[PDB]
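Okay, so the sequence shown: first residue is 83 according to the authors' numbering, each after it adds one. Beta carbons: idealized from backbone N, C-alpha and C, even for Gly. Read the structure below first, then the notes.
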Amino acid sequence: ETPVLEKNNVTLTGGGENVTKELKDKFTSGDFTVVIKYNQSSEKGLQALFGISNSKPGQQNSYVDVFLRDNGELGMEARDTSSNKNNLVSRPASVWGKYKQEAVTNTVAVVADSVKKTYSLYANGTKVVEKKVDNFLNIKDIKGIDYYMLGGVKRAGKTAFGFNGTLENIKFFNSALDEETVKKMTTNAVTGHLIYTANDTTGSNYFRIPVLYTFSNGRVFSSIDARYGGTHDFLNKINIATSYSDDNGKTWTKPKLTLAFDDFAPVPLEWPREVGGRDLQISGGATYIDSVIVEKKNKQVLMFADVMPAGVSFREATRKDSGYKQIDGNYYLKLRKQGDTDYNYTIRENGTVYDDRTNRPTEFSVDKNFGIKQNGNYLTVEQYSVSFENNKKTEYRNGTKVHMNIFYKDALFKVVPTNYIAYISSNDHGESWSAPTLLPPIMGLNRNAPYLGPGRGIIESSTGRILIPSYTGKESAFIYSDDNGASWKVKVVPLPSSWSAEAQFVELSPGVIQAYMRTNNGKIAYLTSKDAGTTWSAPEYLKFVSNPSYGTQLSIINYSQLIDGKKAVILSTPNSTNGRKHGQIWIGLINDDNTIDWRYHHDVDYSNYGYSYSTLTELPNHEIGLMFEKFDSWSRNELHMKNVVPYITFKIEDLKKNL
Ligand SMILES: CC(=O)N[C@H]1[C@H]([C@H](O)[C@H](O)CO)O[C@@](O)(C(=O)O)C[C@@H]1O
């Protein structure tokens with residue numbers, strides 16, 4: 083199947099190029115596919131990569147185009163003046179702008195298929211949207227088309243939406259090419275920056291909350307939320323997926339499901355993005371959410387995550403019950419048997435379920451992965467699948483039998499409906515993992531567990547104390563161990579307001595650590611401890627970041643090499659009052675007095691491009707790895723998008739900019 087027109091290396095600065103002679107009436111059926119490999123010299127303004135129009139006076143609403151906005155949105159219009167049909171199909175955060183001071187080459191495409199009445203858009207190997215529209219228009223359906231141009235749309239004799247950049251290759255086909263063909267044709271260097279991809283070995287269409295960590299042996303390890311029912315925090319099904327690289331981030335393993343429940347199948351779901359429909363959630367599967375990684379002194383790796391029973395949201399989790407009882411000085415996870423109103427049971431030694439009323443063992447036991455047995459035999463429940471089609475979400479028992487689990491809605495014995503924290507450990511640097519351990523009720527018996535601050539933990543150098551950042555909604559909770567992770571304690575620090583205080587730590591000098599965190603006031607806060615985390619200062623605030631009141635997670639790390647003769651820290655955060663946008667990486671140099679000279683920054687892409695949760699690591703070669711949400715993950719307009727969490731590498735010289 084061959085193009086009706088192909089052009090190469092057309093450099094434009096807003097004025098466009100007429101190709102009317104070379105396209106006139108070639109779109110015989112009216113269907114079309116246009117594949118455009120381009121880079122932009124300037125991202126400002128609404129820019130059309132091509133335009134097919136009626137250029138006559140009064141016919142300015144008779145055109146087809148593919149467009150780019152200054153926030154990375156890719157779209158198309160197909161409009162006819164006399165029928166008054168105006169189609170616009172798009173997705174935010176579809177393209178890249180610039181990377182390391184150079185324009186990025188993207189390959190995008192549009193397919194219009196009259197038989198299906200769908201428009202489809204592709205960007206860098208991903209079909210970003212396909213939408214069926216009742217008012218479908220093909221080229222033949224638009225009256226009096228007389229002008230075909232590159233890099234603009236001719237409207238009433240004037241060039242609209244002028245493109246600034248180079249069309250490296252543009253191909254026009256007079257038919258609807260098939261999806262696999264167009265995915266391949268749009269695949270390029272940008273595609274290779276995705277570690278996790280929609281419907282890869284995780285089965286998830288969507289991801290959020292990336293974490294990077296470099297282990298002592300040189301392995302670069304990642305974890306992430308695989309969020310199956312769109313990108314909603316809750317209600318959803320979420321697993322923690324992992325992937326690693328043993329060549330300094332150049333190649334990565336096929337993702338694995340590392341923390342996952344099986345009450346719901348991990349399946350690819352087409353979550354709706356329309357107003358209204360996008361608020362849809364599933365009934366809720368048992369969930370792991372928001373991972374934290376640390377490597378211990380002995381090279382064992384710990385991963386922590388929040389644990390939510392099926393159907394329980396952060397918002398409805400009870401705050402007044404830990405889910406534990408204390409019996410004879412020991413903390414045991416408590417259970418309510420279906421039909422009871424009280425929690426009459428506890429999981430004691432060897433997972434044996436005791437009746438607390440009689441203080442005797444029952445026939446039931448719970449294994450280390452939370453599965454329920456009766457008389458030594460597993461109880462089972464039927465797994466749920468979720469499906470769509472006719473714009474209708476259906477959940478149903480799917481014929482698969484899985485072990486009954488205390489976190490599931492169909493369990494005979496159930497935990498308190500609140501949030502918990504679990505950790506797992508690995509002795510082979512992430513290739514295999516232990517069973518989970520739930521944290522004991524370190525906040526007290528009558529409080530829920532803290533919520534983890536996604537990213538990493540640290541080992542403070544002078545004491546060997548392990549620190550894990552978390553928060554409660556009104557306090558900071560610095561979880562810690564002084565016995566190399568055998569047992570855990572917490573320092574609870576009240577905050578000026580009800581911050582979602584996702585935090586990360588850095589060590590300035592031995593015994594001196596700072597916790598940088600999200601607030602509800604627009605600023606990034608930092609608290610300082612001079613006794614390895616036992617006591618903390620009042621908050622201070624970075625002066626150079628100004629964000630919206632909701633705030634965003636951040637990443638900050640220590641860096642191992644001197645910069646300008648000084649020890650350095652590296653910070654990643656959005657910096658915009660208009661959304662989760664304008665990502666920056668900042669270098670902070672530690673002064674002799676333990677203040678920080680925030681001397682350099684580098685903008686990640688253009689300032690209106692999306693940038694939400696992020697994670698930094700120092701690669702073994704002392705380059706910097708970054709993985710981030712390249713979209714606004716707060717915005718109700720950017721929910722449920724595929725293939726938007728990339729990985730990029732920087733040298734320090736790429737970062738040492740702007741002073
Ligand atoms: C892709 C897009 O947004 N297109 C819309 C444009 C632009 O918003 C403005 O021209 C600002 O550039 O405005 C219209 O009023 C127009 O020109 O007819 C409606 C059209 O659908």
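- Bridge partners of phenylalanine 495 according to DSSP: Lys419.
- For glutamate 159, the CB falls within less than 7 angstroms of some heavy atom of ligand 1.
- Between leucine 384 and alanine 585, the alpha-carbon positions lie close to 18 angstroms from each other.
- Ranking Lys266, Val448, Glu262, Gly567 by CA distance to the CA of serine 507 puts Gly567 first.
- Distances from the CB of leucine 131 to the heavy atoms of ligand 1 are all 7 angstroms or more.
- Collapsing the DSSP output to three states places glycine 535 in coil.
- For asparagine 143, the distance from the CB to the nearest heavy atom of ligand 1 is below 7 angstroms.
- Under the DSSP assignment, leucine 249 falls in the beta strand (DSSP E) whose first and last residues are 246 to 255.
- In this chain, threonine 324 is not harboured by any alpha helix (DSSP H); it is covered by the beta strand (DSSP E) spanning 320 to 327.
- Remark: the shortest separation between the CB of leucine 170 and any heavy atom of ligand 1 falls under 7 angstroms.
- Close CB contacts of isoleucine 639 within its chain, under the 6 angstroms cut and outside five residues either way in sequence, are with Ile652, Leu698 (chain order).
- In its chain, beyond the 5 residues on either side, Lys407, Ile409, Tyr414, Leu415, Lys416, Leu417, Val435, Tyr436, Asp438 have a beta carbon closer than 8 angstroms to the beta carbon of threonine 428.
- When DSSP assignments are scanned along the region 575 to 619, the uninterrupted stretches of beta strand (DSSP E) that are 3 or more residues long and fall wholly within it turn out to be 585 to 591, 594 to 599, 607 to 611.
- Here the alpha carbon of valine 92 sits roughly 8 angstroms from the alpha carbon of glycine 247.
- As DSSP reads the structure, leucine 520 sits in a beta bridge with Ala504.
- The criterion of a C-beta distance shorter than 8 angstroms is satisfied by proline 518 and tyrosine 505.
- Collapsing the DSSP output to three states places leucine 339 in a strand.
- Where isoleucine 734 is concerned, the enclosing alpha helix (DSSP H) starts and stops at 734 to 737.
- Membership of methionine 158 in the beta strand (DSSP E) is indicated by the continuous run 156 to 162.
- Around the beta carbon of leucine 219, 16 or more other beta carbons lie within 10 angstroms, which makes this residue buried.
- Not one heavy atom of ligand 1 sits closer than 7 angstroms to the Cβ of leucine 87.
- Listed as beta-bridge partners of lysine 648 by DSSP are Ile645.
- The region 428 to 458 is shown to contain whole beta strand (DSSP E) runs of 3 or more residues at 434 to 437, 442 to 448, 454 to 456, in chain order.
- Counting other Cβ atoms within 10 Å of its Cβ, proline 621 reaches 16 or more and is therefore classed as buried.
- For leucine 105, the secondary structure class from DSSP, reduced to helix, strand or coil, is helix.
- When secondary structure is reduced to three states using DSSP, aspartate 685 falls in the strand class.
- Collapsing the DSSP output to three states places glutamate 261 in a helix.
- Using a 10 angstroms sphere on the CB of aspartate 674, the tally of other CB atoms stays under 16, which defines it as exposed.
- Beta bridge pairing from DSSP links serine 563 with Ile548.
- Counting every other CB atom within 10 Å of its CB across the protein chains shown gives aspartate 107 a total below 16, marking it as exposed.
- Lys138 is the residue among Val686, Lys138, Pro702, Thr610 whose C-alpha sits nearest the C-alpha of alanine 238.
- The continuous stretches of beta strand (DSSP E) do not include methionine 723, and DSSP gives it neither H nor E.
- For the set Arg479, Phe109, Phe470, the Cα lying nearest the Cα of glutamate 464 is the one of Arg479.
- In this structure, DSSP gives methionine 486 a state outside helix and strand, which the three-state scheme calls coil.
- The Cβ-Cβ distance between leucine 609 and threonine 313 does not fall below 8 angstroms.
- Around the beta-carbon of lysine 733, fewer than 16 other beta-carbon atoms lie within 10 Å, marking it exposed.
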